[PDB]
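Shown next: upload-v8.txt, containing compact mmCIF, C-alpha atoms and all ligand atoms.
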```
# COMPACT_ATOMS: atom_id res chain seq x y z
CA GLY M 1 -4.72 0.91 24.77
CA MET M 2 -6.90 -0.39 21.96
CA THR M 3 -9.10 2.73 21.82
CA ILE M 4 -6.15 4.43 20.18
CA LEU M 5 -7.33 2.85 16.90
CA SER M 6 -10.69 4.64 17.11
CA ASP M 7 -8.88 7.86 18.10
CA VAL M 8 -6.83 7.60 14.91
CA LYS M 9 -10.00 7.01 12.91
CA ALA M 10 -11.44 10.16 14.41
CA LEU M 11 -8.37 12.03 13.20
CA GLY M 12 -9.13 10.80 9.70
CA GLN M 13 -6.61 8.02 9.16
CA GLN M 14 -7.35 4.36 8.42
CA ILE M 15 -5.16 1.73 10.04
CA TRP M 16 -4.69 -1.33 7.85
CA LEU M 17 -2.93 -4.61 8.66
CA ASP M 18 0.23 -5.18 6.60
CA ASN M 19 -0.09 -8.97 6.70
CA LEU M 20 -2.35 -11.73 5.42
CA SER M 21 -2.48 -15.50 5.85
CA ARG M 22 -4.96 -18.35 5.67
CA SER M 23 -4.99 -18.79 9.45
CA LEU M 24 -5.45 -15.04 10.12
CA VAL M 25 -8.77 -15.34 8.28
CA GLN M 26 -9.85 -18.88 9.22
CA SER M 27 -9.21 -18.41 12.91
CA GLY M 28 -11.65 -15.52 13.09
CA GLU M 29 -8.85 -13.14 14.04
CA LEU M 30 -9.28 -10.86 11.04
CA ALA M 31 -13.04 -10.60 11.63
CA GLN M 32 -12.46 -9.57 15.22
CA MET M 33 -9.89 -6.96 14.25
CA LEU M 34 -12.38 -5.45 11.72
CA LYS M 35 -14.80 -4.87 14.61
CA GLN M 36 -12.09 -3.26 16.74
CA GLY M 37 -10.32 -0.63 14.68
CA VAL M 38 -8.44 -2.29 11.80
CA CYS M 39 -9.99 -1.21 8.48
CA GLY M 40 -8.18 -3.03 5.71
CA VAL M 41 -5.41 -5.43 4.72
CA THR M 42 -2.37 -5.30 2.44
CA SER M 43 -0.28 -8.08 1.00
CA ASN M 44 2.73 -8.30 -1.30
CA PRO M 45 4.97 -11.19 -2.45
CA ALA M 46 7.18 -11.00 0.67
CA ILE M 47 4.16 -11.25 2.93
CA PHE M 48 2.87 -14.28 1.02
CA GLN M 49 6.27 -15.97 1.01
CA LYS M 50 6.40 -15.75 4.79
CA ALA M 51 2.76 -16.82 5.17
CA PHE M 52 3.16 -19.84 2.91
CA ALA M 53 6.33 -20.90 4.72
CA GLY M 54 4.95 -20.42 8.28
CA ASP M 55 1.21 -21.19 8.31
CA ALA M 56 0.33 -24.84 8.73
CA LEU M 57 -3.05 -24.42 7.01
CA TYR M 58 -1.39 -24.22 3.62
CA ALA M 59 0.04 -27.77 3.75
CA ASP M 60 -3.16 -29.54 2.75
CA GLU M 61 -3.92 -26.93 0.08
CA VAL M 62 -0.46 -27.47 -1.46
CA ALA M 63 -0.89 -31.25 -1.38
CA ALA M 64 -4.24 -30.89 -3.14
CA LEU M 65 -2.87 -28.53 -5.77
CA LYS M 66 0.12 -30.80 -6.48
CA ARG M 67 -2.44 -33.40 -7.63
CA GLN M 68 -3.45 -31.06 -10.46
CA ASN M 69 -1.82 -30.08 -13.77
CA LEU M 70 -1.03 -26.54 -12.73
CA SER M 71 2.04 -24.32 -12.98
CA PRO M 72 3.68 -23.20 -9.76
CA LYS M 73 2.40 -19.68 -10.47
CA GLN M 74 -1.16 -20.93 -10.77
CA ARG M 75 -0.78 -22.94 -7.56
CA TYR M 76 0.35 -19.74 -5.84
CA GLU M 77 -2.51 -17.76 -7.34
CA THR M 78 -5.13 -20.26 -6.34
CA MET M 79 -3.87 -20.05 -2.75
CA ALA M 80 -3.47 -16.26 -2.68
CA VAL M 81 -6.74 -15.45 -4.40
CA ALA M 82 -8.59 -17.71 -1.95
CA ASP M 83 -7.01 -15.90 1.01
CA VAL M 84 -7.85 -12.50 -0.50
CA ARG M 85 -11.42 -13.39 -1.38
CA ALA M 86 -11.99 -14.71 2.13
CA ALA M 87 -10.43 -11.63 3.65
CA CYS M 88 -12.63 -9.46 1.42
CA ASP M 89 -15.69 -11.21 2.74
CA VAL M 90 -14.51 -10.55 6.34
CA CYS M 91 -13.98 -6.89 5.51
CA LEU M 92 -17.18 -6.39 3.50
CA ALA M 93 -19.39 -5.10 6.31
CA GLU M 94 -16.80 -2.43 7.12
CA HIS M 95 -16.46 -1.58 3.41
CA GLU M 96 -20.21 -1.20 2.95
CA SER M 97 -20.62 0.82 6.14
CA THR M 98 -18.46 3.62 4.71
CA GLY M 99 -19.93 3.63 1.21
CA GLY M 100 -16.99 1.61 -0.07
CA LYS M 101 -14.34 3.97 1.25
CA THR M 102 -12.65 1.48 3.63
CA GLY M 103 -12.35 -2.28 4.11
CA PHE M 104 -10.08 -3.08 1.18
CA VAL M 105 -7.75 -6.04 0.69
CA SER M 106 -4.83 -5.72 -1.74
CA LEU M 107 -3.28 -8.39 -4.03
CA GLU M 108 -0.15 -7.58 -6.09
CA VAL M 109 0.43 -8.63 -9.69
CA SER M 110 3.58 -10.60 -10.61
CA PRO M 111 6.76 -8.55 -10.18
CA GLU M 112 8.07 -9.67 -13.58
CA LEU M 113 5.32 -7.54 -15.18
CA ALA M 114 6.49 -4.35 -13.53
CA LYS M 115 7.85 -2.68 -16.72
CA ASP M 116 5.13 -4.13 -19.03
CA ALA M 117 2.02 -1.91 -18.99
CA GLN M 118 -0.10 -4.16 -21.24
CA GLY M 119 0.81 -7.33 -19.33
CA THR M 120 0.12 -5.53 -16.07
CA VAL M 121 -3.31 -4.45 -17.22
CA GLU M 122 -4.10 -7.96 -18.42
CA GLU M 123 -3.07 -9.58 -15.13
CA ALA M 124 -4.75 -6.94 -13.02
CA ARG M 125 -8.04 -7.32 -14.89
CA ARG M 126 -7.78 -11.11 -14.53
CA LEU M 127 -6.99 -11.03 -10.81
CA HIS M 128 -9.76 -8.52 -10.18
CA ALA M 129 -12.16 -10.90 -11.89
CA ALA M 130 -10.71 -13.94 -10.09
CA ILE M 131 -11.17 -12.41 -6.63
CA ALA M 132 -14.66 -11.32 -7.63
CA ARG M 133 -15.16 -8.82 -4.78
CA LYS M 134 -15.85 -5.09 -4.86
CA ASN M 135 -13.50 -4.47 -1.93
CA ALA M 136 -10.39 -5.89 -3.56
CA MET M 137 -7.62 -3.67 -4.82
CA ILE M 138 -5.02 -4.82 -7.28
CA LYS M 139 -1.53 -3.73 -6.25
CA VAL M 140 0.74 -2.43 -9.02
CA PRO M 141 4.29 -1.04 -8.64
CA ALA M 142 4.50 2.66 -9.51
CA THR M 143 7.02 2.33 -12.33
CA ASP M 144 6.29 4.39 -15.46
CA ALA M 145 4.60 1.31 -16.93
CA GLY M 146 2.55 0.92 -13.68
CA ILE M 147 1.29 4.49 -13.99
CA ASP M 148 0.32 3.81 -17.64
CA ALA M 149 -1.51 0.72 -16.39
CA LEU M 150 -3.11 2.73 -13.58
CA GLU M 151 -4.81 5.04 -16.04
CA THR M 152 -6.25 2.12 -17.98
CA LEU M 153 -7.36 0.21 -14.88
CA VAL M 154 -9.08 3.28 -13.43
CA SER M 155 -10.82 3.79 -16.76
CA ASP M 156 -11.88 0.13 -16.46
CA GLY M 157 -13.39 0.86 -13.05
CA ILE M 158 -10.88 -1.17 -11.06
CA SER M 159 -9.55 -0.03 -7.64
CA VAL M 160 -5.77 0.00 -7.42
CA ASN M 161 -3.05 0.13 -4.76
CA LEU M 162 -0.03 1.79 -6.42
CA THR M 163 3.10 0.62 -4.55
CA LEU M 164 6.85 1.13 -4.17
CA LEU M 165 6.51 4.92 -4.23
CA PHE M 166 9.49 6.76 -2.77
CA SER M 167 9.30 9.90 -4.95
CA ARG M 168 7.10 12.94 -4.77
CA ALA M 169 7.50 13.47 -8.50
CA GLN M 170 6.39 9.94 -9.37
CA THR M 171 3.46 10.24 -6.91
CA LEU M 172 2.26 13.41 -8.71
CA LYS M 173 2.52 11.60 -12.04
CA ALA M 174 0.29 8.90 -10.59
CA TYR M 175 -2.32 11.44 -9.53
CA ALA M 176 -2.41 12.89 -13.05
CA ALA M 177 -2.87 9.42 -14.57
CA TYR M 178 -5.70 8.67 -12.11
CA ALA M 179 -7.38 11.96 -13.02
CA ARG M 180 -7.15 11.11 -16.74
CA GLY M 181 -8.83 7.71 -16.13
CA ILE M 182 -11.56 9.29 -14.07
CA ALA M 183 -12.18 12.02 -16.62
CA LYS M 184 -12.46 9.37 -19.38
CA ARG M 185 -15.19 7.61 -17.40
CA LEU M 186 -17.09 10.80 -16.65
CA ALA M 187 -17.05 11.78 -20.28
CA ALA M 188 -18.37 8.32 -21.18
CA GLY M 189 -21.15 8.71 -18.63
CA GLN M 190 -19.73 5.86 -16.48
CA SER M 191 -19.78 5.68 -12.68
CA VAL M 192 -16.70 6.68 -10.69
CA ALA M 193 -18.00 6.98 -7.11
CA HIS M 194 -16.81 3.53 -6.01
CA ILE M 195 -13.33 3.66 -7.65
CA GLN M 196 -10.68 3.92 -4.95
CA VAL M 197 -6.93 4.30 -5.34
CA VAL M 198 -4.18 4.47 -2.71
CA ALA M 199 -0.59 5.56 -3.24
CA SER M 200 1.66 3.41 -0.99
CA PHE M 201 4.53 5.73 -0.11
CA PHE M 202 7.32 3.91 1.70
CA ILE M 203 8.88 5.21 4.91
CA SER M 204 11.49 3.15 6.76
CA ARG M 205 13.50 2.18 3.67
CA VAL M 206 14.48 5.80 3.11
CA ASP M 207 15.97 6.11 6.59
CA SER M 208 17.57 2.67 6.31
CA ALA M 209 19.30 3.78 3.10
CA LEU M 210 20.60 7.10 4.34
CA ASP M 211 21.08 7.19 8.07
CA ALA M 212 24.56 5.69 8.46
CA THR M 213 26.11 8.49 6.44
CA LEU M 214 23.93 11.38 7.63
CA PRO M 215 24.90 13.73 10.43
CA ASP M 216 23.09 12.87 13.71
CA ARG M 217 20.72 15.93 13.40
CA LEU M 218 19.26 14.36 10.30
CA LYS M 219 19.26 10.69 11.26
CA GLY M 220 15.78 9.21 11.30
CA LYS M 221 14.25 12.39 9.90
CA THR M 222 14.34 12.12 6.11
CA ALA M 223 11.55 9.60 5.54
CA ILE M 224 9.09 11.56 7.69
CA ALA M 225 10.10 14.85 6.06
CA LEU M 226 9.51 13.36 2.60
CA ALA M 227 6.09 12.07 3.67
CA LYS M 228 5.13 15.44 5.12
CA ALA M 229 6.05 17.17 1.87
CA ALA M 230 4.20 14.50 -0.15
CA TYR M 231 1.10 15.20 1.89
CA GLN M 232 1.37 18.91 1.16
CA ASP M 233 1.65 18.05 -2.56
CA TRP M 234 -1.47 15.93 -2.17
CA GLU M 235 -3.47 18.75 -0.58
CA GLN M 236 -2.41 21.11 -3.36
CA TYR M 237 -3.18 18.69 -6.21
CA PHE M 238 -6.55 17.51 -5.06
CA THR M 239 -7.91 20.91 -3.97
CA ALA M 240 -6.95 22.56 -7.29
CA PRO M 241 -9.85 23.57 -9.55
CA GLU M 242 -9.03 20.80 -12.10
CA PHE M 243 -9.60 18.02 -9.59
CA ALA M 244 -12.39 19.83 -7.78
CA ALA M 245 -14.37 19.67 -11.02
CA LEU M 246 -14.02 15.92 -10.99
CA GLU M 247 -14.75 15.56 -7.27
CA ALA M 248 -17.91 17.64 -7.75
CA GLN M 249 -19.05 14.90 -10.17
CA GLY M 250 -18.34 12.15 -7.69
CA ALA M 251 -14.67 11.31 -8.15
CA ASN M 252 -12.76 10.16 -5.08
CA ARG M 253 -9.35 11.61 -4.29
CA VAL M 254 -6.44 9.19 -4.31
CA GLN M 255 -5.23 8.76 -0.72
CA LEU M 256 -1.67 8.45 0.50
CA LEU M 257 -0.92 5.20 2.30
CA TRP M 258 2.15 5.06 4.54
CA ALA M 259 3.93 1.75 4.01
CA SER M 260 7.13 0.27 5.49
CA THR M 261 6.10 1.84 8.79
CA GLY M 262 7.74 -0.71 11.02
CA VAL M 263 10.82 0.75 12.63
CA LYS M 264 14.01 -0.94 11.53
CA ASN M 265 16.62 0.79 13.74
CA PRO M 266 16.41 0.13 17.51
CA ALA M 267 17.78 3.61 18.12
CA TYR M 268 14.32 4.97 17.19
CA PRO M 269 11.08 4.41 19.18
CA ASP M 270 9.17 1.53 17.64
CA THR M 271 6.02 3.71 17.14
CA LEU M 272 7.96 6.53 15.41
CA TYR M 273 6.44 6.24 11.96
CA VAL M 274 2.84 5.58 13.04
CA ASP M 275 2.96 8.32 15.65
CA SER M 276 4.48 10.87 13.26
CA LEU M 277 2.30 10.46 10.15
CA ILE M 278 -1.30 10.78 11.35
CA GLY M 279 -3.43 13.09 9.22
CA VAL M 280 -6.79 13.29 7.54
CA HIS M 281 -7.62 11.28 4.43
CA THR M 282 -4.64 8.92 4.71
CA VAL M 283 -3.98 5.26 5.43
CA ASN M 284 -1.16 3.64 7.41
CA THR M 285 -0.62 -0.10 6.85
CA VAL M 286 1.25 -1.57 9.78
CA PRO M 287 2.80 -4.95 10.45
CA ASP M 288 1.57 -6.92 13.45
CA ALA M 289 4.44 -6.02 15.80
CA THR M 290 4.04 -2.33 15.06
CA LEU M 291 0.29 -2.50 15.58
CA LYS M 292 1.04 -4.12 18.97
CA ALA M 293 3.49 -1.39 19.91
CA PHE M 294 1.12 1.37 18.83
CA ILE M 295 -1.73 -0.03 20.90
CA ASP M 296 0.58 -0.37 23.90
CA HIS M 297 2.40 2.97 23.81
CA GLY M 298 1.60 4.92 20.67
CA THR M 299 0.07 8.38 20.61
CA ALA M 300 -2.93 9.56 18.55
CA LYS M 301 -2.33 13.19 17.52
CA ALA M 302 -2.59 15.00 14.17
CA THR M 303 1.14 14.98 13.57
CA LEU M 304 1.44 14.65 9.78
CA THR M 305 0.92 18.35 9.12
CA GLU M 306 2.93 19.64 12.07
CA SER M 307 6.22 21.45 11.48
CA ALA M 308 6.20 21.37 7.70
CA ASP M 309 8.69 24.23 7.70
CA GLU M 310 11.27 22.06 9.40
CA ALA M 311 10.51 19.13 7.03
CA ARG M 312 11.31 21.38 4.11
CA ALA M 313 14.44 22.77 5.70
CA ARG M 314 15.68 19.22 6.28
CA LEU M 315 14.97 18.21 2.71
CA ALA M 316 16.97 21.27 1.67
CA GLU M 317 19.89 20.11 3.78
CA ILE M 318 19.62 16.56 2.38
CA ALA M 319 20.10 18.10 -1.06
CA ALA M 320 22.93 20.34 0.22
CA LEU M 321 24.73 17.15 1.35
CA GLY M 322 24.45 15.74 -2.17
CA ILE M 323 21.63 13.29 -1.70
CA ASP M 324 19.26 13.41 -4.68
CA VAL M 325 15.99 12.06 -3.30
CA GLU M 326 14.70 11.36 -6.85
CA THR M 327 17.74 9.24 -7.65
CA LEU M 328 17.37 7.55 -4.28
CA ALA M 329 13.70 6.88 -4.96
CA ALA M 330 14.36 5.22 -8.29
CA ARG M 331 17.06 3.04 -6.75
CA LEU M 332 14.75 2.07 -3.88
CA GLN M 333 11.94 1.21 -6.31
CA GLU M 334 14.28 -0.99 -8.38
CA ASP M 335 15.69 -2.69 -5.30
CA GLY M 336 12.18 -3.29 -3.99
CA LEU M 337 11.18 -4.93 -7.27
CA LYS M 338 14.26 -7.14 -7.13
CA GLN M 339 13.46 -8.16 -3.58
CA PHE M 340 9.84 -8.93 -4.37
CA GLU M 341 10.93 -11.04 -7.32
CA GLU M 342 13.38 -12.89 -5.00
CA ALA M 343 10.59 -13.51 -2.52
CA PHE M 344 8.25 -14.67 -5.26
CA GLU M 345 10.79 -17.12 -6.62
CA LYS M 346 11.36 -18.43 -3.09
CA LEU M 347 7.59 -18.93 -2.64
CA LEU M 348 7.28 -20.79 -5.92
CA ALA M 349 10.03 -23.36 -5.40
CA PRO M 350 8.04 -25.49 -2.86
CA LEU M 351 5.09 -25.41 -5.23
CA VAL M 352 6.94 -27.11 -8.14
CL CL B 401 3.93 -3.29 -0.98
```
If you convert what's in this file into C-alpha cells, what do you get?
Ligand SMILES: [Cl-]
Amino acid sequence: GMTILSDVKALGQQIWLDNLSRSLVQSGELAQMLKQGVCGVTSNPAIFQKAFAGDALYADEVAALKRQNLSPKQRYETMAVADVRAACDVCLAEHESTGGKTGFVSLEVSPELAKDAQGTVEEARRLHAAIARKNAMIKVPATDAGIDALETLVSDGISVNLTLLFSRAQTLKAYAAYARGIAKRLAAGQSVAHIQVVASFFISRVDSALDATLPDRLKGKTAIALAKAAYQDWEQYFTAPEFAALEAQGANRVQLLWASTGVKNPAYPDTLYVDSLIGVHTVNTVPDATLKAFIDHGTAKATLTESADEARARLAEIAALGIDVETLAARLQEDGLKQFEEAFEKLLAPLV
C-alpha cells in the first residue's frame, strides 16, 4: 500500500518520479504526490518528447510560441523550463523541509553538447538561471566532457544530476571531480552546504543488453550486482579521510540515483529493481507504472547491501564469460546519447 513510500524513506532512500508534464503539475497531481511520499522529479529528452506528444495542455502553448520569432529549440526550452519551474515550486516545501536535501527537479542540457565541456557549462549555467529555482538540478551526461563540466558547475555552486552512468570507474571519476569543485569553493571561502549532486546509474539497460546470451543463473542479475558494487565504492570513497575533511566543513556527499528501474523483461517481477536496490543515502527515480506496481506489491527492506559477496562473484563470472563491463558501459552511454538525440529531434519537428 502507499505507506511503503514512507517505509522506504525511513530506510534512507528517496523515491523520485521519472516523468514530468504540464498536466502532471497543473492538475495538482504532483503537489499531492509530494505530500504522500514522492520526493523529487526527473526528466530527460525522451520524457519530454512523450509529454509534448501526449499532453493536450501543450497545444495552446505551441500555438502561442509559433506566433513568435523563435527557433524550435527555444520553443522547446520555453515549454520545458516552464514545466520545471512550476514543478520546482510544487516541490519547494519538501525541499526546504529537509534543508535542501530533497525535492529536486532535473532538466537535461541538449544532447548535442555531450562531448563539449565549455558548451555544456554555458548551457547549464543558462538553464539554471532560466529556471531560477534553488531546487532545480541541471542534468548532464557523464561523458569525460560532462565530468569536466561537473567540476566547473559545482565550483559555480550549481546542483547537478550526472546521467547515463553505467560504469563504476566513470562514477568514481565523477566523485573526484565533484570533490575538486567543492574543495575550490571551500578554499575560496564560498558556501557548499546547499550544493547537491546525484549520480544516475542505470539499471535495466544492462540486463537488456546482456541477458539473451547469458546462462540462466546470471540472467537478470548483472545490473543489480553492478549497482551493489557501485554502492560499496560509494561508501569507501565518501568515508575516506579526504572526503571526510570536506564533509566536516559542510560538503554534501554525492548520492547514487538508480535510473532505468522499470522492468523491461516480463520474465522478471515488475518491482525487481526497486525492491532490490533500497539502501541509505540513495535515490530511485521510477516511472509511473513502476511506482504503481511498487505501491501495490513491492517490499520495503534494506536490500541494496545484502549479499555483496554474491554480487562480486557474479561480476567475476561475467568477466570470465568475456563481458567487459567497462566496454559495455561506454557502448550503453553512447547508445543512450544517440537515443536522446533521436528523441530530441522528434520533439523539435512539430515545433518548426
Ligand atoms: Cl536520464
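Around the point (17.7, 17.0, -0.8), within 12 Å and counting only C-alpha atoms, we find these residues: residues 167, 210, 214, 218, 222, 223, 225, 226, 229, 311, 312, 313, 314, 315, 316, 317, 318, 319, 320, 321, 322, 323, 324, 325, 326, 327, 328 and 329 of chain M.
A distance search around ligand CL 401 (chain B) (10 Å at most, only C-alpha atoms and all ligand atoms) returns the following protein and nucleic acid residues: residues 18, 42, 43, 44, 45, 46, 47, 106, 107, 108, 139, 140, 141, 161, 162, 163, 164, 165, 200, 201, 202, 259, 260, 285, 336, 337 and 340 of chain M.
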Put the listed atoms of segment 196-213 of chain M in a box along x, y and z with 8 Å added on every side and give me the centre and edge lengths in Å to one decimal, as JSON.
```
{"center_x": 7.7, "center_y": 5.3, "center_z": 1.6, "size_x": 52.8, "size_y": 22.3, "size_z": 29.8}
```
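The spacing separating atom CA of residue 11 of chain M from atom CA of residue 207 of chain M amounts to 25.9 Å.
The interatomic distance for the pair atom CA of residue 344 of chain M and atom CA of residue 54 of chain M works out to 15.1 Å.
Among the candidates M:195, M:56, M:351, M:179, the residue lying nearest to residue 242 of chain M is M:179 (atoms considered: all atoms listed in the file).
The closest residue to residue 13 of chain M, picked from M:205, M:73, M:346, M:101 and counting all atoms listed in the file, is M:101.
In this structure, atom CA of residue 186 of chain M sits 26.9 Å away from atom CA of residue 116 of chain M.
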Near-segment 61-66 of chain M list (10 Å; only C-alpha atoms; drop same-chain fewer than 2 positions) as number ranges by chain: M: 52, 56-59, 68-72, 74-76, 78-79, 350-352
Can you complete the atoms of segment 25-37 of chain M to N, CA, C and O atoms and list them as an mmCIF file, in the frame of the given file?
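What landed in part-v2.cif:
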```cif
data_model
loop_
_atom_site.group_PDB
_atom_site.id
_atom_site.type_symbol
_atom_site.label_atom_id
_atom_site.label_comp_id
_atom_site.auth_asym_id
_atom_site.auth_seq_id
_atom_site.Cartn_x
_atom_site.Cartn_y
_atom_site.Cartn_z
ATOM 1 N N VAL M 25 -7.368 -15.356 8.643
ATOM 2 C CA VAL M 25 -8.770 -15.340 8.280
ATOM 3 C C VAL M 25 -9.512 -16.489 8.945
ATOM 4 O O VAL M 25 -10.535 -16.297 9.622
ATOM 5 N N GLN M 26 -9.062 -17.723 8.774
ATOM 6 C CA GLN M 26 -9.850 -18.880 9.220
ATOM 7 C C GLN M 26 -10.064 -18.939 10.713
ATOM 8 O O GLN M 26 -11.102 -19.452 11.150
ATOM 9 N N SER M 27 -9.109 -18.429 11.460
ATOM 10 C CA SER M 27 -9.210 -18.410 12.910
ATOM 11 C C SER M 27 -10.266 -17.455 13.467
ATOM 12 O O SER M 27 -10.621 -17.517 14.656
ATOM 13 N N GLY M 28 -10.754 -16.560 12.626
ATOM 14 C CA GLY M 28 -11.650 -15.520 13.090
ATOM 15 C C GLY M 28 -10.927 -14.270 13.572
ATOM 16 O O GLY M 28 -11.571 -13.294 13.977
ATOM 17 N N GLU M 29 -9.591 -14.288 13.572
ATOM 18 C CA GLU M 29 -8.850 -13.140 14.040
ATOM 19 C C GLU M 29 -9.095 -11.890 13.188
ATOM 20 O O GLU M 29 -9.302 -10.809 13.723
ATOM 21 N N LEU M 30 -9.070 -12.035 11.848
ATOM 22 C CA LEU M 30 -9.280 -10.860 11.040
ATOM 23 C C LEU M 30 -10.666 -10.259 11.299
ATOM 24 O O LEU M 30 -10.816 -9.038 11.406
ATOM 25 N N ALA M 31 -11.697 -11.113 11.398
ATOM 26 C CA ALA M 31 -13.040 -10.600 11.630
ATOM 27 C C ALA M 31 -13.098 -9.783 12.928
ATOM 28 O O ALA M 31 -13.743 -8.748 13.006
ATOM 29 N N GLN M 32 -12.428 -10.282 13.937
ATOM 30 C CA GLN M 32 -12.460 -9.570 15.220
ATOM 31 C C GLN M 32 -11.722 -8.244 15.132
ATOM 32 O O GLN M 32 -12.158 -7.235 15.683
ATOM 33 N N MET M 33 -10.620 -8.207 14.383
ATOM 34 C CA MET M 33 -9.890 -6.960 14.250
ATOM 35 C C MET M 33 -10.719 -5.913 13.488
ATOM 36 O O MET M 33 -10.643 -4.735 13.791
ATOM 37 N N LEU M 34 -11.513 -6.348 12.519
ATOM 38 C CA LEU M 34 -12.380 -5.450 11.720
ATOM 39 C C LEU M 34 -13.472 -4.828 12.557
ATOM 40 O O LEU M 34 -14.033 -3.818 12.169
ATOM 41 N N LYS M 35 -13.786 -5.414 13.715
ATOM 42 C CA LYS M 35 -14.800 -4.870 14.610
ATOM 43 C C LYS M 35 -14.130 -3.939 15.602
ATOM 44 O O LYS M 35 -14.844 -3.279 16.373
ATOM 45 N N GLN M 36 -12.787 -3.907 15.661
ATOM 46 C CA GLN M 36 -12.090 -3.260 16.740
ATOM 47 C C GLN M 36 -10.969 -2.347 16.288
ATOM 48 O O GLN M 36 -10.014 -2.151 17.022
ATOM 49 N N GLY M 37 -11.098 -1.765 15.090
ATOM 50 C CA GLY M 37 -10.320 -0.630 14.680
ATOM 51 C C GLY M 37 -9.398 -0.819 13.506
ATOM 52 O O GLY M 37 -8.776 0.145 13.080
#
```
